[PDB]
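Student: These protein sequence lines map, in sequence, to chains C and B.
Residue numbers for the first sequence follow the deposited numbering, so the first one is 395 and each next one is one higher.
Residue numbers for the second sequence follow the deposited numbering, so the first one is 346 and each next one is one higher.
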Amino acid sequence: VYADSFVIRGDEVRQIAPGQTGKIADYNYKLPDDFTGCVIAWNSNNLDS
Amino acid sequence: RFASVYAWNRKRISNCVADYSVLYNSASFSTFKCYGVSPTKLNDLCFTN
Numbered sequence: 395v396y397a398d399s400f401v402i403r404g405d406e407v408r409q410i411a412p413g414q415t416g417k418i419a420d421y422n423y424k425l426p427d428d429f430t431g432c433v434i435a436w437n438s439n440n441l442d443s
Numbered sequence: 346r347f348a349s350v351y352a353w354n355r356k357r358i359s360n361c362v363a364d365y366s367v368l369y370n371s372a373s374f375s376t377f378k379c380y381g382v383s384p385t386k387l388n389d390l391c392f393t394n
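1) Measure the alpha-carbon distance for residue 445 (chain C) versus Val382 (chain B) and round it to whole angstroms.
2) Does any residue of chain D have a CB that is nearer than 9 angstroms to the CB of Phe400 (chain C)?
3) Measuring straight from C-alpha to C-alpha, what distance separates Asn437 (chain C) and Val350 (chain B)?
4) Indicate the three-state DSSP secondary structure (helix, strand or coil) for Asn370 (chain B) in the structure shown.
5) Give a yes or no on whether 9 angstroms exceeds the smallest Cβ distance from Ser366 (chain B) to chain C.
6) From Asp405 (chain C) to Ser371 (chain B), what does the alpha carbon distance come to, in whole angstroms?
7) Is there at least one Cβ from chain C nearer than 9 angstroms to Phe392 (chain B)'s Cβ?
8) Alpha carbon to alpha carbon, what distance is there between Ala411 (chain C) and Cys379 (chain B)?
9) Cα separation between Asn388 (chain B) and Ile434 (chain C)?
10) Using CA atoms only, rank isn't needed, just tell me which of B:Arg346, B:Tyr369, B:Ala352 and B:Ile358 is closest to residue 408 (chain B).
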């Protein structure tokens, strides 16, 4: 299990989930189609946005 | 100057070379869900009307 931690902008919250074609993470972080894991998103506005 | 919902202006794009790459590169469009064709492949297909 490889925990990956990082921060993106509020609007997206997509993580290229199945194969998402969004270009925010198309040049930053691509996640494979056969992804047997989990995706969790946390709000950071209160804790040093 | 687009018209009302029930009176959507219809424009027929004919006899020209299309540049969907420019449309994809623009960040103004929040939603770009392409149905029946992949948005990436739009730049190399040929169709009509």
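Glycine is no exception: its CB is placed at the ideal position from the N, C-alpha and C atoms.
Tutor: In terms of the structure at hand:
1) Any property of residue 445 (chain C) remains undetermined from this structure, which presents chain C solely from 395 to 443.
2) Of the chains in the structure shown, none is chain D; the protein chains are C and B.
3) Rounded to whole angstroms, the separation of the alpha carbons of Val350 (chain B) and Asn437 (chain C) is 37 angstroms.
4) For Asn370 (chain B), the secondary structure class from DSSP, reduced to helix, strand or coil, is helix.
5) Not closer than 9 angstroms to any Cβ of chain C, the Cβ of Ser366 (chain B) fails to qualify, so no.
6) So the two alpha carbons sit approximately 16 angstroms from each other.
7) No, because no Cβ of chain C sits closer than 9 angstroms to the Cβ of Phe392 (chain B).
8) About 17 angstroms.
9) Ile434 (chain C) has its alpha-carbon roughly 34 angstroms from the corresponding atom of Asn388 (chain B).
10) Summary: the structure shown does not reach residue 408 (chain B), with chain B confined to residues 346 through 394, and so no result is reported for it.
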